[PDB]
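What follows is the content of start.txt, which has compact mmCIF, C-alpha atoms:
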# COMPACT_ATOMS: atom_id res chain seq x y z
CA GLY A 1 222.57 338.54 154.41
CA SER A 2 222.77 341.47 152.02
CA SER A 3 223.42 341.28 148.27
CA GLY A 4 222.48 343.08 145.07
CA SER A 5 224.27 343.40 141.73
CA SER A 6 223.09 344.93 138.45
CA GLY A 7 224.38 344.47 134.92
CA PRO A 8 223.77 347.46 132.62
CA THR A 9 223.16 351.03 133.77
CA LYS A 10 219.56 352.25 133.88
CA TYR A 11 217.89 355.55 134.75
CA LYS A 12 215.01 355.42 137.24
CA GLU A 13 213.96 358.19 139.63
CA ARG A 14 212.68 356.94 142.98
CA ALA A 15 209.31 358.16 144.28
CA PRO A 16 208.92 361.19 146.59
CA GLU A 17 207.46 358.98 149.32
CA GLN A 18 210.05 356.20 149.17
CA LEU A 19 212.98 358.62 149.13
CA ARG A 20 211.73 360.57 152.15
CA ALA A 21 212.26 357.38 154.15
CA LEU A 22 215.53 356.50 152.41
CA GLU A 23 217.19 359.92 152.37
CA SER A 24 216.41 360.05 156.09
CA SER A 25 218.13 356.71 156.70
CA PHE A 26 221.11 357.55 154.49
CA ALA A 27 222.11 360.33 156.88
CA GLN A 28 222.68 357.66 159.53
CA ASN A 29 224.55 355.25 157.25
CA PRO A 30 224.96 354.56 153.51
CA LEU A 31 224.68 350.80 153.99
CA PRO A 32 222.10 350.05 156.71
CA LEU A 33 221.72 346.55 158.16
CA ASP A 34 218.73 344.24 157.67
CA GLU A 35 216.98 345.50 160.80
CA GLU A 36 217.18 349.18 159.87
CA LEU A 37 216.17 348.08 156.37
CA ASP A 38 213.12 346.21 157.64
CA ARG A 39 211.70 349.51 158.86
CA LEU A 40 212.38 351.51 155.69
CA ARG A 41 210.90 348.67 153.64
CA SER A 42 207.58 349.72 155.18
CA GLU A 43 207.73 353.19 153.63
CA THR A 44 209.82 352.44 150.54
CA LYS A 45 207.75 349.28 150.07
CA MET A 46 210.77 347.58 148.50
CA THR A 47 212.91 344.50 149.12
CA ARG A 48 216.36 344.26 150.70
CA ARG A 49 217.81 343.83 147.20
CA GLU A 50 215.88 346.84 145.90
CA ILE A 51 216.89 349.18 148.73
CA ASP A 52 220.46 347.90 148.88
CA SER A 53 220.82 348.79 145.20
CA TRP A 54 219.62 352.34 145.86
CA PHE A 55 222.32 353.18 148.40
CA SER A 56 225.01 351.66 146.18
CA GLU A 57 223.58 353.90 143.46
CA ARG A 58 223.06 356.92 145.71
CA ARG A 59 226.06 356.99 148.05
CA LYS A 60 228.10 356.64 144.86
CA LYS A 61 226.34 359.57 143.18
CA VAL A 62 227.09 361.92 146.08
CA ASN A 63 230.73 360.83 145.93
CA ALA A 64 231.06 361.83 142.28
CA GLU A 65 228.91 364.97 142.25
CA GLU A 66 230.39 368.32 143.29
CA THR A 67 233.27 367.72 140.88
CA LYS A 68 236.27 369.97 141.53
CA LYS A 69 235.42 371.80 138.30
CA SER A 70 232.79 374.55 138.37
CA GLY A 71 229.55 372.77 137.53
CA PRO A 72 226.52 374.53 139.06
CA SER A 73 223.83 371.87 138.71
CA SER A 74 221.53 369.57 140.67
CA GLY A 75 223.77 368.81 143.63
Could I get this file's structure written as structure tokens?
Amino acid sequence: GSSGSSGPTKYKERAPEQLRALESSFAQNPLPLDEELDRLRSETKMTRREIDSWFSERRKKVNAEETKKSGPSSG
């Protein structure tokens, strides 16, 4: 199955190579299944728990960004 929970909030920027594979997958779905994850794991070189965390940390970032207010910044 899929599972991944984190306590405190950290700040880590994924690599340019790992993302390329992730960002590409995201488009399809924010929470990909194991199968689809097995493939990405090859490029991202991470574990189900690692990747799973990303999405939950990414898909959530894109949902907050672009705040109604006028804030011209990274995304």
Q | Shortest interatomic distance to residue 10 of chain A - which of A:26, A:74, A:57, A:69, counting all atoms listed in the file | A |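 Between A:26, A:74, A:57, A:69, the residue approaching residue 10 of chain A most closely is A:57.
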Q) Given the choices A:8, A:30, A:13, A:3, which gets closest to residue 62 of chain A if the distance is worked out from all atoms listed in the file? A)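 Of A:8, A:30, A:13, A:3, the one nearest residue 62 of chain A, counting all atoms listed in the file, is A:30.
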(Q) Using only C-alpha atoms, can you tell me which of A:54, A:20, A:37, A:68 comes closest to residue 1 of chain A? (A) A:37
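Shortest atom-to-atom contact with residue 49 of chain A among A:7, A:63, A:2, A:24: A:2, counting only C-alpha atoms.
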Q. To one decimal place, how far is atom CA of residue 33 of chain A from atom CA of residue 15 of chain A in Å?
A.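 A separation of 21.9 Å between them.
Atom CA of residue 21 of chain A is found 6.1 Å from atom CA of residue 40 of chain A.
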Q.
Please list as a ChimeraX atom specification every residue within 10 Å of residue 65 of chain A, counting only C-alpha atoms and excluding residues in the same chain fewer than 5 positions away.
A. /A:60,71,73-75
